[PDB]
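# Summary of the model geometry
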Amino acid sequence: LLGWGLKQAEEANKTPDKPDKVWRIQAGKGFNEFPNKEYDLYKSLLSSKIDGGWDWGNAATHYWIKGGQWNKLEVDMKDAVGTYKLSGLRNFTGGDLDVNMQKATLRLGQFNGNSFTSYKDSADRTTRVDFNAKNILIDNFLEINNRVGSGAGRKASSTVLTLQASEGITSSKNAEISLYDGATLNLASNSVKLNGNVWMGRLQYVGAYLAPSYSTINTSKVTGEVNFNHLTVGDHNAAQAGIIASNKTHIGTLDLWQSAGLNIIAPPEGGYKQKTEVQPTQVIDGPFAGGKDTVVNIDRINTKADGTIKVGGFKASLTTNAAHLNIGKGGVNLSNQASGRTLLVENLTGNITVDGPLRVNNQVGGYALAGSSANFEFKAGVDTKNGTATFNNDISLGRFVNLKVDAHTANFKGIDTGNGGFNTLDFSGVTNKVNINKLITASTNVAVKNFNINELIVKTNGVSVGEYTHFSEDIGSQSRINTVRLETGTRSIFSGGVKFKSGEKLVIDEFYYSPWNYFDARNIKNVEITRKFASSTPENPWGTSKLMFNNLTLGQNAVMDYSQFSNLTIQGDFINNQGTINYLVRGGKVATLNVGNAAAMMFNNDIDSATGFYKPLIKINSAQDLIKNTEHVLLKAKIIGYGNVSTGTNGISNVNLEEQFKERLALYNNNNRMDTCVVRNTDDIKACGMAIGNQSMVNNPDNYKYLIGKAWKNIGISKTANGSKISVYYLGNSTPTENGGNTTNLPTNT
């Protein structure tokens, strides 16, 4: 209930005990002349001053030192050479072993495990069990602060194991290290590689599911390569483990519990270091900052999760002070019961780099039910706010799973939420940048303040409605989406789609329509389009595409495919820059463009070598069935404020602006232009005669010589450029005269 940061700090600085009867045992001659003799410790040496017994009250074995558990002993070999074993010291109560074994290989496992526990007296004693071997090689299971008898009898107080080898502490596969409610241990060798089931926190008794049950593996002195293999924190209780490592922690499979915590704490920057009565100074530490080269390579996070149902989840958590929290190819698992199991992958003052697939219930998709809201959560650099949470692997979310990241810069590579839906994809803590590479949504609750998703896929929701892409907060000013590609929805109903809630600008480069998926763009006032603005099926469109805007702007060279199949609706000041909007008829009728407030336009001296004239400013392609002698509404307008970069293009002139607007438009038929026909030599005579359908330009190119760097307007096509309408009066495909009129020159400024 106090927390682990108080508990490890208050047992970091204690006086050991007050033991009377300090026994001293020295191994003399005989041990120090056989380097491979394979001795024992208990029967050969330690059973002299360690007595067995029976605890009255549900015991199996019982061991203390001499005449009670309050007597220090020691073993001082310092030259004994060989190899040894403990092999069966179970339910040791004792107190203050310190087996000093220089140049002596140890082995705490042979045919039987071990145990080290204290009793809960009125003196509140520890054990402080030390070893100072050369190698250790645990090689069988070991319990620290275990259950001495069976529930009843005497209770168990705290303890300390300390293993201070000089060459390395390996372990065997069946060596389940399992320290309990009050136990700690320290290691001091180099290159500890525990290949066994490390078990921090266990049920000390049979049914006490509400114990605090702290632990500690403080491998502070390890100068080599710490390498755990298989941890397990918590067992049917709210254990709060902690590890104070030595800035390199490669572990393997991690098996947390539901309500289990973990605190991997990297070292600091320079490394570690009738009368009044005065208690000693209790120096405490808050959550500090790890050093620069602090690496914690947790390469698999599983979770055990079963049991009852509480009103919330349980929120397993690991807290890391390291400047890196790399998570490799194993990825993150999440076992999920009927309620919502949650994990917290938190980093205080570091980074997080996950390169693995986020699973749940041990599959990649991982559907969850309504009450089981599995909640992924990542915190990269909380107390420094410069920490990045880079996910260099394509994640995959099912249904009722919720990613949230509260970092400084959350880079990504791909997000899959369109398969399951109901995914709160929160980003509310992100400072400045979100680099999502690919997004797939069905019913998502995206909340980003600033991003640039360079490619966006918005899928539908099958056939049911109420499920859609939803940006639920302000999108900001530096936001951007380089590619939006909606896919074709369901039949005759806008079931899937996008909607916004706030924002002011969203610089889009490229867009695709889709039938029956709506691109609602609420409240954003500067929706820019930079390049091609077409549909997902540009060859054979159908359906409708609700582009329910409030404002939009189109820049240079952004071609459009505007038809009756896309009701582009504007409620604001549409500004068109040098962009060639193309039209199509789909049955002879020209699809008018419905401007709500204003369609202001402004252009350039956009002359090119493709024509010799300016760019075709508005084209109408595939209008072969264009209805003659009938007003074709080209675009609806309310205020046409037309201009160019100056009064006159190609420098400056005094020409009124609206008349050369009619020059740059195009009516594209027979693979050429019918509005004008820009003819520069004798070769495009043939193409112009293909356009107008006359044999006067087919057989003889010298028939018409008004066109050496010139052009001519076809009469029968009338265009309005006033302040309220842009219309087309297609009434004649007239044969042009040679020297009678309706002819222009070229600007000749390519």
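Residues numbered from 1 in each chain as written, not as in the entry; some residues may be left out. Part of a larger assembly, values for the part shown. Heavy atoms only, no water.

Structure determination for this PDB entry is given in the record as cryo-EM, at a resolution of 3.6 Å.

## Some remarks on the overall build of the protein chain
As a reminder, the rule being used: Only DSSP runs of H or I with at least four residues qualify as helices, and only runs of E with at least two residues qualify as strands; both kinds are numbered from the N terminus onward. When accessible area is computed with a 1.4 Å probe and restricted to protein chains, residues below 20% of their type maximum are described as buried, those above 50% as exposed, and intermediate ones as partly exposed. To measure how exposed things are, a 1.4 Å probe is used in the Shrake-Rupley method; for residues, cover is taken only from the protein chains shown.
Along the protein chain, the regular secondary structure elements total 3 helices and 52 strands. Its C-alpha atoms give the protein chain principal-axis dimensions of roughly 130 × 55 × 50 Å. Here the protein chain holds 750 residues, and the buried ones make up 52% of them. Only carbon and sulfur atoms are counted for the fraction: they give 51% of the accessible area of the protein chain, which is about 32000 Å².

## Concerning the sheet that holds strand β15 (residues 261-265)
How we decide: Note: two strands are recorded as paired if DSSP finds a minimum of 2 bridges between them.
Taken together, the 5 strands give an open sheet; going across it, the order is β13-β15-β17-β19-β22, and neighbouring strands pair in parallel fashion. Only two strands of the sheet have a single partner each, and these edge strands are β13 (243-244) and β22 (378-380). Relative to β22, strand β19 (residues 343-347) runs parallel, the two sharing 3 bridges. Residue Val345 lies in a different strand from β22, and its bridge partner there is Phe378.

## So, the nonpolar core
The criterion, for reference: Nine residue types can take part in a nonpolar core, namely buried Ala, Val, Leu, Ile, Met, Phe, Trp, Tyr and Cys, and a core is a set of them joined through side-chain atoms within 4.5 Å. Working rule for contacts: check all heavy atoms of both residues, and any pair within 4.5 Å makes them a contact.
Counting 162 residues, the largest nonpolar core has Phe116, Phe378, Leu403, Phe412, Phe427 and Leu568 as its most contacted members. The greatest single-element share of this core, amounting to 4 residues, is contributed by strand β33 (residues 505-513). If we skip the residues at most four places from it in the chain, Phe412 touches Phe391, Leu403, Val405, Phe427, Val434, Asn435, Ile436 and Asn437. Ranked by size, the runner-up nonpolar core spans 10 residues in total, among them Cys677, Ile692, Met697 and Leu707.

## Topic: the packing of aromatic side chains
Test applied: Aromatic contacts are taken between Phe, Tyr and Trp rings whose centres are within 6.5 Å, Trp giving its six-membered ring; a plane angle under 30 degrees counts as stacked, one over 60 as edge-to-face, and the others as tilted. In this scheme, the term charge over a ring applies when either NZ of a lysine or CZ of an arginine sits within 6 Å of the ring centre and within 35 degrees of the ring normal.
In this structure the tally under the stated criterion is 25 aromatic pairs. Both rings, one in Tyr272 and one in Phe288, keep their centres 6.5 Å apart while their planes meet at 85°; by these two values the pair is edge-to-face. For the pair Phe511 and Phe533, a centre-to-centre distance of 5.2 Å together with 20° between the ring planes defines the contact as stacked. Taken as a pair, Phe511 in strand β33 and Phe533 in strand β36 (residues 533-535) lie far apart in primary sequence, 22 residues in all. The same class applies to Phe511 as to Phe533, namely buried. The ring centre of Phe494 lies 4.8 Å from the NZ or CZ of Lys546, which sits over that ring. Above the plane of the ring of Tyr614 lies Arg664, whose end atom (NZ or CZ) is 3.9 Å from the centre.

## Re the side chain of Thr159
Convention followed: Polar contact criterion, stated in full: a pair of N or O atoms within 3.5 Å, where within protein one must be able to donate a hydrogen and the other to accept it, and residues adjacent in sequence count only if both atoms are side-chain atoms.
Position of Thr159 relative to the elements: it lies in the loop between β5 (142-144) and β6 (161-163). In this structure the side chain of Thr159 is engaged in a polar contact, spanning 2.3 Å, whose partner is the side chain of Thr127. Beyond its immediate stretch of four places on either side in the chain, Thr159 contacts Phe116, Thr127, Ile144, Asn145, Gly182, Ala183 and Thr184.

## Some thoughts on the sheet that holds strand β51 (residues 725-730)
Rules: Angles here are taken between N-to-C directions and fall from 0 to 180 degrees, while the axes themselves are lines fitted to C-alpha atoms, restricted in helices to the stretch in contact.
Spatially, β45-β51-β50 is the arrangement adopted by the 3 strands of the open sheet, whose pairing is antiparallel. Edge strands, defined here as strands with exactly one partner in the open sheet, are β45 (630-636) and β50 (717-719). Pairwise comparison of adjacent strand axes, ignoring direction, gives a mean angle of 15° for this sheet. Note: β50 against β51, 3 bridges, orientation antiparallel. Among the inter-strand pairings, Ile717 is bridged to a residue of β51, identified as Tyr730.

## With respect to the pattern of salt bridges
Rules: Any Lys or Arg side-chain nitrogen located within 4 Å of an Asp or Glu carboxyl oxygen qualifies as a salt bridge.
In this structure the tally under the stated criterion is 18 salt bridges. One salt bridge connects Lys404 with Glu377, and the closest N-O pair in it is separated by 3.7 Å. On the criterion of sequence distance, the pair formed by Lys404 in the loop between β24 (401-402) and β25 (409-411) and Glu377 in the loop between β21 (374-375) and β22 is long-range, its members being 27 residues apart. The partner of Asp406 in a salt bridge is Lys404, with the nearest N and O atoms 2.4 Å apart. In this structure, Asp406 and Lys404 share a single accessibility class: buried.

## As for unusual backbone geometry
Positioned with a positive phi, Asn362 is a non-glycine residue whose angle comes to about 60°. Within the secondary structure, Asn362 sits in the loop between β20 (352-354) and β21. Located in the positive-phi region is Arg586, a residue other than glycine, with phi close to 50°. The residue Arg586 is located in the loop between β42 (581-583) and β43 (598-603) in this model.

## Here's the deal with the pairing of strand β8 (residues 184-187)
Two strands pair when backbone bridges link them, and β6 and β8 are joined in this way by 3 bridges, in the parallel orientation. Looking at β8, one finds that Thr162 is bridged to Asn186.

## Overview of the side chain of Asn714
Structurally, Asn714 is set in the loop between β49 (710-712) and β50. Discounting residues that sit within four places of it in the chain, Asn714 has contacts with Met674, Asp675, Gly732, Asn733 and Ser734.

## Some points on the state of the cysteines
Threshold: Put simply, a disulfide is two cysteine sulfurs that come within 2.5 Å.
Tallying each qualifying case throughout the model produces 1 disulfide. Bridging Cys677 to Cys688, the disulfide has an S-S length of 2.0 Å. In this pair, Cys677 is assigned in the loop between β48 (672-673) and α3 (684-692) and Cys688 in helix α3, connecting sequence segments 11 residues apart. Residue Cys677 is classed as buried on the basis of its relative accessible area of 1%. We classify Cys688 as buried; its relative accessible area is 1%.

## Observations regarding the environment of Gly740
Relative to the helices and strands, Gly740 is located in the loop between β51 and β52 (743-745). Residues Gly740 and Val360, spaced 380 residues apart in sequence, show a C-alpha to C-alpha distance of 80 Å.

## A look at the pairing of strand β31 (residues 480-486)
In terms of burial, β31 is a largely internal element, 5 of the 7 residues being buried. Pairing of strand β29 (residues 456-458) with β31 involves 3 bridges; the strand directions are parallel. Directly across from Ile457, in β31, lies its bridge partner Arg485. Here 5 bridges tie β31 to β33, and the two strands are oriented parallel to one another. In the sheet register, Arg485 faces β33, and the bridge partner there is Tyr512.

## Examining a nonpolar patch on the surface
Operational definition: Each patch is built from salt-bridge-free residues with over 30% relative accessible area, joining like charges within 9 Å and nonpolar side chains (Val, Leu, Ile, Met, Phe, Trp, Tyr) within 5 Å.
On the surface, a cluster of nonpolar side chains totalling about 450 Å² of accessible area is made up of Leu1, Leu2, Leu6 and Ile284. Looking at where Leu6 falls in the secondary structure, it is placed in helix α1 (residues 4-10). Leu6 sits in the partly exposed class, given a relative accessible area of 40%.

## Section: the environment of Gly113
Mapped onto the elements, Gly113 comes out in the loop between β2 (98-100) and β3 (114-116). Sequence separation between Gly113 and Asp98 is 15 residues; the distance between their C-alpha atoms is 19 Å.

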